[PDB]
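Okay, so here's just one chain, in structure tokens, the form deposited in one PDB entry.
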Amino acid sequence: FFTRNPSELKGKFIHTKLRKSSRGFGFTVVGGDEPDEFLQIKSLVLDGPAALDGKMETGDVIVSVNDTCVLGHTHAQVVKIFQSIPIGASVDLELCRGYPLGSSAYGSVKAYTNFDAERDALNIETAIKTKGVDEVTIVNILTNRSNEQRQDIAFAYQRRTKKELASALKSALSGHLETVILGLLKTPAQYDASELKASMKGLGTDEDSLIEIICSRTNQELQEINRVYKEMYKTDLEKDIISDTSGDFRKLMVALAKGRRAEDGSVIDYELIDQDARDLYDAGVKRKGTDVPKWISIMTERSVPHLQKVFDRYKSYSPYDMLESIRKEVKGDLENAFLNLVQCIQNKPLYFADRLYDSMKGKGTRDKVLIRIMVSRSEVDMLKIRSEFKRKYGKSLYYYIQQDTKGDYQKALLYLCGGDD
């Protein structure tokens, strides 16, 4: 939720006055990069003038600065205001509290307010070394901390025990719960890189997992994945994809994994929307056979909001929509890849919702799918996924997880789900 009007903010307004010392006002601001986004306080230098006052907190939306509304200004416009303030001069800030954090706006797992990594690390060490292992404590803590906070905990635990927290939990847990907890301990890039590597172990590859990650990750997420993957496995993710895929499926996976999709433009390009739509039609349903490189080119290179509009304009040319056209035109890993991709373009929360439903709908569970989605999306769009799940399937994601899993494994997934609907 974003608004550039102070009369539509429904939080608490706090007026504060600060003097810029020798090391700035003493705080870090975040947000204000994507068009409709707020500007919230990230951290406070505890020896700086901002933390000194004590009226300013993390998550506060900066409504105005020096009698000028900065609601809806970019990140560089309000940074230039505070930097132009000389040393010793005064700034006036009206803040608004009641809003999450922007980045994790639709996540289910939020940063724990009274976070203390040392206390969490000790409590986790005590749980591990309790006779019989206190899994409930390990679950209650790690699933109610952000990933960032889980990195501080693992650092404090290594500071205290001289052993890595992941090694310790490995020897204390087992089965599906172990998979969940170790997944949560990795950073997003680390987790995705290791799922990618596991989908390529042995001669046979797990095409479904490779497709799920490569089709759903953004440019930014794919950039960091490529970096951490070579760091961890001493090889480029692209090379490993070339090794374990072939044909047109290889072309599509290599192109998507580059994370070089064009960024969402400023202007809507209506002529290109219609021309792209025309080109997708001519390349497939209009003709015998399929010009797959043309599909690959358009669907991996245009921005997501552009492709959403070409898929709607595509319905003007073809009697089948994009999903139906994919099933009619193509087969195999290639068909699956195209279907997962345009679902991700059209409605990504619904994509994950359907993938979650499919993992639980029948006999047993596809736990690798359920676990990976619960872990990887819990700080991204889990609230939207739950909304789409409930709208489409009539019962909550929570309800299905509760039916399909049991034990501490279930409780860990329910915490990642974040409540019922």
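All residue numbers refer to positions in the sequence shown, first residue = 1.
Between the stretches 77-85 and 243-251, it is 77-85 that shows the larger average CA temperature factor. In this entry, the higher average B-factor at the C-alpha atoms falls on 96-104, of the pair 96-104 and 223-231.
Taking the deposited Cα B-factors for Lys42, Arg366, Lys390, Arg372, the highest one is held by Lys42. Annotation for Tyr399: C-alpha temperature factor in the middle third relative to the rest of the modelled chain, per the entry.
In the PDB entry, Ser297 places in the lowest third of its chain by CA B-factor. For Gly265, the recorded CA B-factor ranks within the highest third of the chain. Only modelled residues enter the ranking. In the PDB entry, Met322 places in the lowest third of its chain by CA B-factor. Ranked within its chain, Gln190 lands in the middle third, by CA B factor from the PDB record.
Although it is not shown, the form deposited in another entry is what the next lines describe.
Treating the chain as two rigid parts that move between this form and the one not shown, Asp92 and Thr143 fall in separate parts. Compared with the form shown here, the Cα atoms of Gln40 and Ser387 sit 3 Å or more farther apart in the other entry. Relative to the shown form, the CA atoms of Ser146 and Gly32 are pushed 3 Å or more farther apart in the other entry.
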